[PDB]
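In what follows, a structure is listed as structure tokens, so that the remarks can point back to it.
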Amino acid sequence: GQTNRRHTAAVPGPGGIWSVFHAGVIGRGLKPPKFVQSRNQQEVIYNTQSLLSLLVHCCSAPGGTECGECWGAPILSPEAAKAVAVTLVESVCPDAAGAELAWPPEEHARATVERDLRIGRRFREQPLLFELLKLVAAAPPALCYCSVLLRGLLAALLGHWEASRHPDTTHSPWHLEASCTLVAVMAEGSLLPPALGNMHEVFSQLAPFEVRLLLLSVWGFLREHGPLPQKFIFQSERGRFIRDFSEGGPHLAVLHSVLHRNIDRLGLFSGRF
Amino acid sequence: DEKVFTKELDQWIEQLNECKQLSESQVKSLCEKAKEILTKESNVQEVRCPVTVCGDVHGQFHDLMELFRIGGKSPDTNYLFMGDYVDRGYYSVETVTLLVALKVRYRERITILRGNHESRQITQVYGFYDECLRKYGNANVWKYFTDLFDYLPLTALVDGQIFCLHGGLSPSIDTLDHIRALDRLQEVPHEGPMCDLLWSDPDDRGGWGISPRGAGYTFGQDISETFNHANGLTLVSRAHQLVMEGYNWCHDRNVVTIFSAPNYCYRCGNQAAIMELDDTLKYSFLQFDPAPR
Amino acid sequence: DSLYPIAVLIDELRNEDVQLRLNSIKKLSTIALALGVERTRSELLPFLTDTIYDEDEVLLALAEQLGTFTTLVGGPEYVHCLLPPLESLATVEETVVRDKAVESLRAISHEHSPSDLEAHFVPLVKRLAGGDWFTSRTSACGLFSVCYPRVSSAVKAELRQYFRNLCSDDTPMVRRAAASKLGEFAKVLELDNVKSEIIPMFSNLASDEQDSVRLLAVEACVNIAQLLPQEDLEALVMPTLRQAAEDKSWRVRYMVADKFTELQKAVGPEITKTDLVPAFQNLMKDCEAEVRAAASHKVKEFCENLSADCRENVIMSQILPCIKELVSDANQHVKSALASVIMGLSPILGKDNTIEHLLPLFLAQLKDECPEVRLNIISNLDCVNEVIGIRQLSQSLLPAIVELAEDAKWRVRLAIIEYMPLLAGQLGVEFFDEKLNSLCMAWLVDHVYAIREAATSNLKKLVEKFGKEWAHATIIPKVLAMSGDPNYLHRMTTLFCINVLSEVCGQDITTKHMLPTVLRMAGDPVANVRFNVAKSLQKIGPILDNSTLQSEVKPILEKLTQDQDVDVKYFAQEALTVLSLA
Amino acid sequence: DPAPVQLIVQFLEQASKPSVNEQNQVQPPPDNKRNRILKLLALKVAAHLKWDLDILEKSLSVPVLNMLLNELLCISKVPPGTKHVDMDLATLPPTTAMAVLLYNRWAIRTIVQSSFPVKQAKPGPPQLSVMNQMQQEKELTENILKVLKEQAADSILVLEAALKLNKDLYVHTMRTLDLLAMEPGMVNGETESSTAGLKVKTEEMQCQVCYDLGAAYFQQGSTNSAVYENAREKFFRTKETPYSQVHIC
Ligand SMILES: [Mn+2]
Ligand SMILES: [Mn+2]
């Protein structure tokens with residue numbers, strides 16, 4: 001998704017002996033178009049489905065040898081997903097001032113706020129980007145290259161949660177949805193333990209400052225255990241890249257404290273992990 | 001519940017319109033209601049034409065009543081104040097009290113922004129804290145007013161083209177999306193985007209430069225043109241400098257300084273002006289002089 | 001613990017903030033009433049005598065607190081122990097604390113017994129008037145009039161001679177305080193005491209080489225002139241004021257020009273007839289505009305207290321040339337003062353004297369170059385309406401209303417609009433439809449709101465004075481035709497006009513002529529016009545019958561109550577609940 | 001200043017709890033400059049004002065870590081207890097047992113609170129007040145770190161106090177046991193990041209507190225709420241009929 005006749009028939013200030021009442025116009029005023037995107041709701045997600053199916057047919061290496069016994073699932077080629085992530089980064093934010101894979105500290109996010117805000121605006125104007133991330137999160141080593149988008153989105157979400165006065169998260173639906181989607185994408189891309197998978201699940205009824213602190217712990221964990229092309233050794237069984245975590249002590253402690261401070265509403269979510 | 005509170009608000013407004021301040025509990029309740037009301041407003045308040053934008057009042061209740069007599073009554077026509085109505089004035093608490101009462105009573109008929117004097121370190125060195133200590137005896141009304149000033153919006157967007165704000169442009173800000181993503185619930189610092197948004201000044205410099213005030217930068221014509229072209233704007237309204245005619249155009253009719261405080265500090269003896277914008281975005285500069293007391 | 005108050009007072013008073021200091025000053029009373037009378041009379045007062053602070057707010061606090069110890073020390077029998085603290089706090093460097101101290105001493109000097117007064121308070125001022133600093137002498141001179149009638153004649157003479165000695169100083173830093181105290185001190189002095197020793201002192205103070213002393217010498221002069229009878233003015237105080245009013249400085253001249261009504265009312269009319277005429281004339285022909293403006297401001301009420309034996313003569317012979325020469329002055333302040341002050345002498349001169357010379361100067365000050373004089377000459381035109389015929393004042397203002405009706409300022413326009421209804425009814429109807437209709441139609445579309453509401457009220461007055469069916473085809477159509485502009489201001493103006501004319505034009509015309517406009521102006525997308533239309537319907541509710549309110553007003557009100565705005569919705573709900581229509 | 005206690009006991013309209021806080025602050029500030037007869041005249045009044053309410057929750061808003069610490073230290077002046085709290089099951093006066101249980105509950109509450117994500121107040125200036133607040137926060141952190149290393153015996157003391165019932169009052173002993181069980185459950189619920197095999201005791205204490213609140217909790221109020229039931233459900237889910245969402249897990 002996304003001249004003078006009329007001015008003469010009502011002139012002379014209705015007096016024919018004095019000047020006009022006003023003193024001129026500034027610009028034009030009363031913008032004619034004022035159009036809003038209301039094309040359709042249905043039959044729009046199916047175009048995205050067809051595009052994702054085409055992309056899957058393109059990246060999946062051949063393919064068609066009846067792997068396994070009866071549930072052969074073709075893996076995604078790392079080169080194709082890497083190229084997709086590269087062109088996505090080039091289309092979203094062509095900047096390269098902070099395109100390093102090493103995650104900078106938290107205070108460093110206070111200088112590139114404009115880039116993070118423009119990335120958030122690009123993500124909110126076109127949701128297909130998120131779907132594209134779902135294609136990059138399939139291959140393990142592919143999401144390690146599309147780190148600038150994740151960093152910018154996380155910084156924008158942190159800046160939004162820092163300036164949120166509503167005591168409930170449901171007041172900002174798109175921001176909560178984007179937070180959960182981003183955490184799920186960066187967790188299923190072999191980068192975060194399932195504790196983060198439970199964190200983006202419990203995000204549904206958490207306080208704004210609690211969500212901000214949890215995302216800050218996510219930033220700290222990604223700064224410590226940075227997504228890098230190494231530590232993704234190949235396996236002799238299949239083409240999947242398995243990441244062996246050599247996890248976060250203080251991060252799990254912060255998560256446990258956040259869960260314990262809201263036992264009156266997140267009691268059933270504790271037994272899951 | 002609502003009718004009795006509305007009648008109490010009308011009584012408070014009628015009492016304030018006769019040079020009569022309220023009590024401690026009344027001011028406390030008014031500040032609380034203004035806090036719950038202004039919480040829903042964003043940093044860039046989307047104001048719709050027609051309106052009547054004003055400038056600085058600097059705590060001048062008589063000049064405020066003169067402005068109301070000139071530019072129509074408050075409930076009738078819309079108003080857009082751009083800060084500086086709390087310092088450098090004999091009657092400063094009455095002006096801000098009347099403004100906040102009109103805001104909580106006519107939330108959709110009047111908008112007020114935050115200025116450089118709406119803080120905690122400026123009101124203590126310009127007389128507002130002294131006035132609150134002398135009139136109300138204690139120093140609780142001043143605390144309530146300074147706690148409420150943090151909820152005032154920063155800028156305003158009239159008809160999606162006019163950009164009204166107290167200070168002016170910022171070097172760390174390139175679009176309105178950065179202004180909308182700022183935490184205005186914070187004391188005005190000595191450096192940053194909000195400090196520049198509340199302390200900037202226009203000039204023929206070109207680019208940037210340190211301001212002689214001590215905070216904020218000083219932009220030129222090229223910067224104003226770049227800011228107006230990159231945001232779809234056609235004008236930037238401001239009220240931070242002392243003028244004589246009341247309104248001043250700068251940067252090839254791109255910045256409009258509107259000082260609506262006649263006889264500033266009772267020593268200059270200048271005029272004041274407001275800008276009435278009609279439905280078709282036609283501007284009219286209504287000027288006036290300090291009313292005799 | 002008896003040492004607990006001392007231990008908590010020696011440290012809490014020494015801090016960095018002043019709020020705790022003010023709280024401690026407020027709680028000194030509670031501490032004193034809790035410690036007992038003997039404990040505050042034994043060592044608390046000598047302990048608080050020698051507390052020299054650094055700031056000034058605690059000084060004012062203790063000064064205003066010491067004045068509230070009347071029934072907490074022991075009463076008038078124990079007021080001799082609170083003297084050391086006051087005499088220690090009186091000799092300081094600041095000034096306002098000294099004024100607070102002298103006010104407290106003057107307030108607490110009433111409950112003092114006469115014996116205790118003459119026994120203790122006299123040595124206080126005797127030792128205080130002989131200090132080295134000027135603060136002591138300025139604080140001593142203000143404690144003599146309150147204790148004068150209670151002491152004997154010997155103490156009276158002693159204090160009088162000591163005052164005469166102390167007012168013989170060389171620098172005016174204490175003579176100013178002495179002169180300020182002469183004003184309130186001469187209230188209790190007899191005739192012989194002011195004739196013997198006060199006259200020489202006043203003559204020596206009037207001949208001072210400083211200008212700041214005359215500022216208060218003239219006040220002392222007017223005070224002694226008002227206090228003394230008639231038989232002791234024409235030979236004692238006249239030469240002093242005559243030689244002071246013609247000094248080289250303009251300050252004393254300005255002061256005697258200000259304080260002149262009391263002189264002319266105390267000395268009587270004859271004394272003003274003998275020699276006050278030149279003294280008043282020399283204050284109107286000076287180079288400074290301040291003295292001239294003061295004389296102009298004061299002459300109005302100076303003429304009020306003048307007898308009717310030589311009033312018109314001195315007005316037509318002496319006051320008229322000065323008025324004519326001050327009107328044509330180039331300075332704007334004196335012109336504005338004259339325009340604001342001369343409109344009060346019309347009932348004094350009479351009817352047959354306004355057309356003689358008042359009308360020329362009035363027309364000259366009306367059509368002037370600066371607006372400051374016009375704002376004053378147009379704001380005082382109602383007091384000349386009763387002493388001058390309506391026809392005369394309406395005919396005299398014809399060559400000026402063609403320009404003053406539309407100019408830069410709006411105060412003159414406001415006054416013209418307010419004064420018009422007294423003229424449109426006298427100049428007939430042809431003059432109205434000739435120029436006044438265009439004038440009012442132009443006023444109704446002015447920029448400011450005050451002129452608009454003034455023209456609205458004036459149109460209401462005109463439609464109440466002339467008639468109903470007369471304005472049905474001359475004013476109503478032109479007003480209704482204005483409700484088609486893209487500007488909301490003109491629409492609000494037309495709504496206000498419909499509101500103000502609905503109560504005068506009956507109910508038959510406001511049913512099918514002015515009502516359909518208000519009904520059709522409900523679909524206005526401007527949110528600032530819908531609430532005005534709702535208020536207009538509420539106002540015209542009781543005027544119209546119930547049939548019209550139930551036929552079309554109720555459905556349109558139900559439709560208006562279902563919008564998205566809150567202000568218009570609340571206004572419509574209030575209109576529904578006040579008219580009992582729902 | 002002297003009649004403030006009687007005025008607060010007669011009517012809690014003006015200076016309900018701020019007067020005792022100000023008195024304790026003044027006594028703490030004066031205690032540094034060799035307080036001879038200044039701190040002794042205010043600590044007793046503060047203890048009396050604290051015992052007039054006889055609560056711990058309502059006495060936690062303003063006295064966060066230091067003021068309540070000084071209040072407890074002044075109230076514990078009866079029993080020295082230089083060594084660790086032990087042998088509490090013997091014949092002891094009731095006020096000493098009350099002081100020990102209140103101190104244990106306060107220590108548990110501060111230990112639990114020192115690990116919360118509660119949002120802090122933003123600051124954008126620097127002055128003497130900021131330095132004072134920073135010093136107070138540093139002192140509070142130091143006190144919490146000092147009390148955390150000695151909290152190993154607090155659980156044993158709470159268990160010993162909840163096991164004994166020689167306070168000559170059945171209802172008071174039951175209320176003290178329920179409070180100790182709730183504090184132990186809250187302390188064990190925050191110790192999941194240290195080691196496993198510890199949720200069993202927390203679930204047992206939660207079930208005991210729930211049964212106590214069901215039968216007879218106490219005579220006063222503000223002692224139990226839905227938080228206890230939520231913690232019990234969380235402990236039951238972590239330990240592992242079943243619910244629709246719980247059956248899948
Ligand atoms: Mn200003
Ligand atoms: Mn300013």
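All residue names refer to the structure tokens as shown: chains lettered A, B, ... in order, residues numbered from 1 in each chain, ligands numbered from 1 in order.
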
Could you list, as a PDB file with C-alpha atoms, in the first residue's frame, every residue of chain B that has an atom within 6 Å of an atom of chain A, counting only C-alpha atoms?
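The resulting iface.pdb:
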```pdb
ATOM      1  CA  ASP B 183       9.931  13.715  24.545  1.00  0.00           C
ATOM      2  CA  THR B 280      -9.002  30.335   2.521  1.00  0.00           C
ATOM      3  CA  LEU B 281      -5.607  30.809   4.250  1.00  0.00           C
ATOM      4  CA  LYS B 282      -5.741  34.583   3.756  1.00  0.00           C
ATOM      5  CA  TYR B 283      -3.675  36.456   6.340  1.00  0.00           C
ATOM      6  CA  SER B 284      -4.499  39.809   7.934  1.00  0.00           C
TER       7      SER B 284
END
```

8 Å shell around ligand 1 using only C-alpha atoms and all ligand atoms, listed as a PyMOL selection string: chain B and resi 56+58+83-84+115-117+239-242

Okay, now the selection with C-alpha atoms, as a short mmCIF file (atom, residue, chain, number, x, y, z; two decimals), in the first residue's frame?
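After the write, selection-v5.cif holds the following:
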```cif
data_model
loop_
_atom_site.label_atom_id
_atom_site.label_comp_id
_atom_site.auth_asym_id
_atom_site.auth_seq_id
_atom_site.Cartn_x
_atom_site.Cartn_y
_atom_site.Cartn_z
CA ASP B 56 4.44 36.74 23.25
CA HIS B 58 5.10 38.02 28.78
CA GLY B 83 4.69 30.90 24.43
CA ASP B 84 6.27 33.63 26.54
CA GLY B 115 8.30 28.92 25.14
CA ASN B 116 11.78 29.39 26.55
CA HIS B 117 10.35 31.10 29.65
CA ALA B 239 7.58 34.79 18.34
CA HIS B 240 10.91 35.23 20.13
CA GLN B 241 12.30 38.66 19.17
CA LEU B 242 11.19 42.21 19.92
#
```

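Every protein, DNA or RNA residue with an atom at most 12 Å from residue 107 in chain C, where only C-alpha atoms count and chain neighbours fewer than 2 positions away do not, is listed here: residues 64, 66, 67, 68, 69, 70, 100, 101, 102, 103, 104, 105, 109, 110, 111, 112, 143, 146 and 147 of chain C.
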
Could you please take those selected residues and save N, CA and C atoms as a compact mmCIF listing (two decimals), in the first residue's frame?
```txt
# COMPACT_ATOMS: atom_id res chain seq x y z
N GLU C 64 8.65 42.72 61.20
CA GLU C 64 7.20 42.58 61.19
C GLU C 64 6.70 41.62 62.27
N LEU C 66 8.22 41.42 65.42
CA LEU C 66 8.37 42.07 66.72
C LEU C 66 7.16 42.94 67.05
N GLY C 67 6.46 43.44 66.04
CA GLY C 67 5.28 44.25 66.26
C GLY C 67 4.06 43.50 66.75
N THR C 68 4.15 42.19 66.92
CA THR C 68 3.05 41.36 67.40
C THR C 68 3.38 40.71 68.74
N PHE C 69 3.99 41.48 69.64
CA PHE C 69 4.36 41.01 70.97
C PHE C 69 3.71 41.87 72.05
N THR C 70 2.42 42.17 71.88
CA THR C 70 1.73 43.03 72.84
C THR C 70 1.29 42.26 74.08
N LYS C 100 9.71 49.59 58.10
CA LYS C 100 8.92 48.61 58.85
C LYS C 100 9.09 48.80 60.35
N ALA C 101 10.30 49.12 60.79
CA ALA C 101 10.55 49.34 62.21
C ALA C 101 9.79 50.56 62.72
N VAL C 102 9.80 51.65 61.95
CA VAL C 102 9.10 52.84 62.42
C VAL C 102 7.59 52.63 62.39
N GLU C 103 7.08 51.85 61.43
CA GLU C 103 5.65 51.52 61.45
C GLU C 103 5.30 50.68 62.67
N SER C 104 6.14 49.69 63.00
CA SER C 104 5.87 48.87 64.18
C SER C 104 5.91 49.70 65.45
N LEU C 105 6.88 50.61 65.56
CA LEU C 105 6.97 51.46 66.75
C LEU C 105 5.78 52.41 66.85
N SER C 109 2.96 52.10 69.95
CA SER C 109 3.03 53.24 70.86
C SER C 109 1.67 53.68 71.37
N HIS C 110 0.58 53.07 70.90
CA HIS C 110 -0.75 53.47 71.35
C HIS C 110 -1.12 52.80 72.67
N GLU C 111 -0.76 51.53 72.84
CA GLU C 111 -1.08 50.80 74.05
C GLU C 111 -0.13 51.09 75.20
N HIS C 112 0.88 51.93 74.99
CA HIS C 112 1.81 52.28 76.05
C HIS C 112 1.18 53.26 77.03
N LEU C 143 9.23 59.50 65.58
CA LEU C 143 8.65 59.02 66.84
C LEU C 143 8.46 60.18 67.81
N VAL C 146 3.43 60.89 68.02
CA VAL C 146 2.58 59.95 68.74
C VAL C 146 2.70 60.13 70.25
N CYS C 147 3.87 60.54 70.74
CA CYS C 147 4.11 60.70 72.16
C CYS C 147 4.04 62.15 72.62
```

Å distance separating CA of residue 179 in chain C from CA of residue 98 in chain C, one decimal place: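 Between CA of residue 179 in chain C and CA of residue 98 in chain C the gap works out to 16.8 Å.
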
Within 12 Å of ligand 2 (only C-alpha atoms and all ligand atoms), residues as a PyMOL selection string: chain B and resi 55-58+81-88+113-119+122+165-168+195-201+213+215-216+238-242+257-259+261

Restricted to N, CA and C atoms, what would the selected residues look like written as a CSV table (one decimal), in the first residue's frame?
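The resulting file, out-v4.csv, is shown below:
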```csv
chain,number,residue,atom,x,y,z
B,55,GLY,N,1.5,36.2,19.5
B,55,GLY,CA,2.8,36.0,19.9
B,55,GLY,C,3.1,36.0,21.4
B,56,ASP,N,4.1,36.7,21.8
B,56,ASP,CA,4.4,36.7,23.3
B,56,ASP,C,3.5,37.7,24.0
B,57,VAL,N,3.2,37.3,25.2
B,57,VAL,CA,2.4,38.1,26.1
B,57,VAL,C,3.2,38.6,27.3
B,58,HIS,N,4.2,37.7,27.7
B,58,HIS,CA,5.1,38.0,28.8
B,58,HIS,C,4.4,38.5,30.0
B,81,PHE,N,-1.4,30.6,20.6
B,81,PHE,CA,-0.3,31.4,21.4
B,81,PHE,C,1.0,30.6,21.3
B,82,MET,N,2.1,31.3,21.1
B,82,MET,CA,3.4,30.7,20.9
B,82,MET,C,4.4,30.9,22.0
B,83,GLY,N,3.8,30.8,23.3
B,83,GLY,CA,4.7,30.9,24.4
B,83,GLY,C,5.0,32.3,24.9
B,84,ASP,N,5.8,32.4,25.9
B,84,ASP,CA,6.3,33.6,26.5
B,84,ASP,C,5.1,34.4,27.1
B,85,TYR,N,4.4,33.8,28.1
B,85,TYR,CA,3.3,34.5,28.8
B,85,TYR,C,3.4,34.3,30.3
B,86,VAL,N,4.6,34.1,30.8
B,86,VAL,CA,4.8,33.8,32.2
B,86,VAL,C,5.9,34.7,32.9
B,87,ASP,N,6.7,35.4,32.1
B,87,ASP,CA,7.9,36.1,32.7
B,87,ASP,C,7.8,37.6,32.3
B,88,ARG,N,8.5,38.4,33.0
B,88,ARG,CA,8.7,39.8,32.7
B,88,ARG,C,7.4,40.5,32.6
B,113,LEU,N,1.4,26.9,22.9
B,113,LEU,CA,2.7,26.2,22.8
B,113,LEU,C,3.6,26.5,24.0
B,114,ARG,N,4.8,25.9,24.0
B,114,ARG,CA,5.8,26.1,25.0
B,114,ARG,C,6.9,27.0,24.5
B,115,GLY,N,7.2,28.0,25.4
B,115,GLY,CA,8.3,28.9,25.1
B,115,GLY,C,9.5,28.7,26.0
B,116,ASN,N,10.5,29.5,25.8
B,116,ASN,CA,11.8,29.4,26.5
B,116,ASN,C,11.6,29.8,28.0
B,117,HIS,N,10.6,30.7,28.3
B,117,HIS,CA,10.3,31.1,29.7
B,117,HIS,C,9.5,30.1,30.4
B,118,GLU,N,8.9,29.1,29.8
B,118,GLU,CA,8.1,28.1,30.4
B,118,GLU,C,9.0,27.0,30.9
B,119,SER,N,9.7,27.2,32.0
B,119,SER,CA,10.7,26.3,32.5
B,119,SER,C,10.8,26.5,34.0
B,122,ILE,N,14.2,29.6,34.5
B,122,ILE,CA,14.0,30.9,33.9
B,122,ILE,C,13.0,31.7,34.8
B,165,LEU,N,6.1,28.0,15.8
B,165,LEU,CA,6.9,27.5,16.9
B,165,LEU,C,7.6,28.7,17.5
B,166,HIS,N,7.8,28.6,18.8
B,166,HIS,CA,8.4,29.8,19.6
B,166,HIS,C,9.8,30.1,19.1
B,167,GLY,N,10.8,29.2,19.2
B,167,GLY,CA,12.1,29.6,18.9
B,167,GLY,C,12.5,29.6,17.5
B,168,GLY,N,12.4,28.5,16.8
B,168,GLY,CA,12.8,28.5,15.4
B,168,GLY,C,13.4,27.2,15.0
B,195,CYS,N,16.1,22.5,22.8
B,195,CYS,CA,16.7,23.8,23.2
B,195,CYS,C,16.8,24.7,22.0
B,196,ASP,N,17.1,24.2,20.8
B,196,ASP,CA,17.2,25.0,19.6
B,196,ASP,C,15.8,25.3,19.1
B,197,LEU,N,14.9,24.4,19.2
B,197,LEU,CA,13.5,24.7,18.8
B,197,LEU,C,12.9,25.8,19.7
B,198,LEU,N,13.4,26.0,20.9
B,198,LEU,CA,12.8,27.0,21.8
B,198,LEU,C,13.7,28.2,22.0
B,199,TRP,N,14.9,28.2,21.4
B,199,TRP,CA,15.9,29.3,21.5
B,199,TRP,C,16.5,29.9,20.2
B,200,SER,N,16.0,29.4,19.1
B,200,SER,CA,16.5,29.8,17.8
B,200,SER,C,16.1,31.3,17.5
B,201,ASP,N,16.8,31.9,16.5
B,201,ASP,CA,16.6,33.2,16.1
B,201,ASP,C,17.0,33.3,14.6
B,213,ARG,N,22.2,35.0,22.9
B,213,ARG,CA,21.5,34.7,24.1
B,213,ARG,C,22.2,33.8,25.0
B,215,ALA,N,21.8,30.2,24.3
B,215,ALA,CA,21.3,28.9,23.9
B,215,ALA,C,20.6,29.0,22.5
B,216,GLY,N,20.6,27.9,21.8
B,216,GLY,CA,20.1,27.9,20.4
B,216,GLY,C,21.0,28.5,19.4
B,238,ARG,N,6.9,32.5,14.1
B,238,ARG,CA,7.7,32.5,15.3
B,238,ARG,C,7.4,33.7,16.2
B,239,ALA,N,7.7,33.6,17.4
B,239,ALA,CA,7.6,34.8,18.3
B,239,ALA,C,8.7,34.6,19.4
B,240,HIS,N,9.8,35.2,19.2
B,240,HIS,CA,10.9,35.2,20.1
B,240,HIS,C,11.7,36.5,20.2
B,241,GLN,N,11.5,37.4,19.2
B,241,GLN,CA,12.3,38.7,19.2
B,241,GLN,C,11.4,39.9,19.3
B,242,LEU,N,11.9,41.0,19.8
B,242,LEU,CA,11.2,42.2,19.9
B,242,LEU,C,11.2,43.0,18.6
B,257,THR,N,8.0,36.8,12.2
B,257,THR,CA,8.1,37.1,13.6
B,257,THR,C,6.9,37.9,14.0
B,258,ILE,N,6.1,37.4,15.0
B,258,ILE,CA,4.9,38.1,15.4
B,258,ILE,C,5.0,38.3,16.9
B,259,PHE,N,5.3,39.6,17.3
B,259,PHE,CA,5.4,39.9,18.7
B,259,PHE,C,4.2,40.7,19.1
B,261,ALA,N,3.2,41.6,22.2
B,261,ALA,CA,3.3,42.1,23.5
B,261,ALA,C,3.6,43.6,23.4
```

Show me which bits of chain D are within 8 Å of chain B, counting only C-alpha atoms, as a PDB file with N, CA, C and O atoms, in the first residue's frame.
```
ATOM      1  N   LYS D 122      13.199  11.255  35.052  1.00  0.00           N
ATOM      2  CA  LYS D 122      14.175  11.852  34.154  1.00  0.00           C
ATOM      3  C   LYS D 122      14.671  13.184  34.702  1.00  0.00           C
ATOM      4  O   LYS D 122      13.925  13.941  35.330  1.00  0.00           O
ATOM      5  N   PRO D 123      15.948  13.465  34.457  1.00  0.00           N
ATOM      6  CA  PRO D 123      16.585  14.695  34.903  1.00  0.00           C
ATOM      7  C   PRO D 123      17.284  15.359  33.726  1.00  0.00           C
ATOM      8  O   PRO D 123      17.878  14.681  32.882  1.00  0.00           O
ATOM      9  N   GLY D 124      17.210  16.693  33.676  1.00  0.00           N
ATOM     10  CA  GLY D 124      17.824  17.455  32.596  1.00  0.00           C
ATOM     11  C   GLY D 124      18.538  18.694  33.123  1.00  0.00           C
ATOM     12  O   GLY D 124      18.639  19.703  32.416  1.00  0.00           O
ATOM     13  N   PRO D 125      19.039  18.637  34.354  1.00  0.00           N
ATOM     14  CA  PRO D 125      19.736  19.765  34.951  1.00  0.00           C
ATOM     15  C   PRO D 125      20.721  19.246  35.988  1.00  0.00           C
ATOM     16  O   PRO D 125      20.777  18.050  36.283  1.00  0.00           O
TER      17      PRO D 125
END
```

Check: which chain C residues lie within 9 Å of chain B using only C-alpha atoms, as a PyMOL selection string: chain C and resi 409+447-451+486-489+492+526+528-529+531-532+565-567

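Coordinates place CA of residue 284 in chain C at a distance of 16.4 Å from CA of residue 272 in chain C.
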
Check: which chain D residues lie within 12 Å of chain A using only C-alpha atoms, as an NGL selection string: :D and (112-122 or 185-194 or 199 or 225-240 or 242-249)

Residues of chain A within 9 Å of chain C, counting only C-alpha atoms, as a ChimeraX atom specification: /A:10,14-15,21

Please produce a file of the residues just selected, as a CSV table (one decimal), in the first residue's frame, where the atoms kept are N, CA, C and O atoms.
```
chain,number,residue,atom,x,y,z
A,10,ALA,N,-17.0,38.6,-6.8
A,10,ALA,CA,-17.1,38.7,-5.3
A,10,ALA,C,-15.9,39.5,-4.9
A,10,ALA,O,-15.2,39.2,-3.9
A,14,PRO,N,-17.3,44.1,-1.2
A,14,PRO,CA,-18.7,44.4,-1.1
A,14,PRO,C,-19.0,45.9,-0.8
A,14,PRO,O,-20.0,46.2,-0.2
A,15,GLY,N,-18.1,46.8,-1.2
A,15,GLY,CA,-18.2,48.2,-1.0
A,15,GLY,C,-17.9,49.1,-2.2
A,15,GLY,O,-18.4,50.2,-2.3
A,21,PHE,N,-10.4,43.1,2.3
A,21,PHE,CA,-10.4,43.0,3.8
A,21,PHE,C,-9.1,42.3,4.2
A,21,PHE,O,-8.4,42.7,5.2
```

In range 10-243 of chain A, DSSP alpha helix (DSSP H) residues written as number ranges by chain: A: 45-59, 78-92, 113-125, 128-136, 147-162, 173-188, 194-202, 208-224

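For chain C, the residues within 9 Å of chain D are residues 1, 3, 4, 7 and 8 of chain C, with only C-alpha atoms used to measure distance.
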
Pick from B:243, B:8, B:92, B:169 nearest to residue 21 in chain B, counting only C-alpha atoms: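 The closest residue to residue 21 in chain B is B:92.
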
With range 129-134 of chain A as the partner and 10 Å as the cut-off, tabulate the residues of range 181-211 of chain A that qualify, each row holding the nearest pair of atoms and their distance in Å to one decimal, using only C-alpha atoms, sorted by chain and rising number, as CSV.
```
residue,atom,partner,partner_atom,distance
A:181,CA,A:130,CA,7.7
A:182,CA,A:130,CA,8.1
A:184,CA,A:134,CA,9.3
A:185,CA,A:134,CA,6.4
A:186,CA,A:133,CA,9.1
A:188,CA,A:134,CA,8.9
A:189,CA,A:134,CA,8.8
```

D:71, D:58, D:178, D:19 ranked by distance to residue 39 in chain D, top pick (using only C-alpha atoms):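 Of D:71, D:58, D:178, D:19, the one nearest residue 39 in chain D, counting only C-alpha atoms, is D:71.
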
Surrounding residues of residue 221 in chain C excluding itself and chain neighbours under 5 positions, 10 Å, only C-alpha atoms, as a PyMOL selection string: chain C and resi 182-183+202+206+214+216+226-227+237-238+240-241+256+259+263

Coordinates-based distance that separates CA of residue 148 in chain D from CA of residue 74 in chain D (Å, one decimal): 20.8 Å

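Excluding range 215-227 of chain A itself and any same-chain residue fewer than 4 positions from it, the protein and nucleic acid residues within 6 Å of it, counting only C-alpha atoms, are residues 103, 144 and 251 of chain A.
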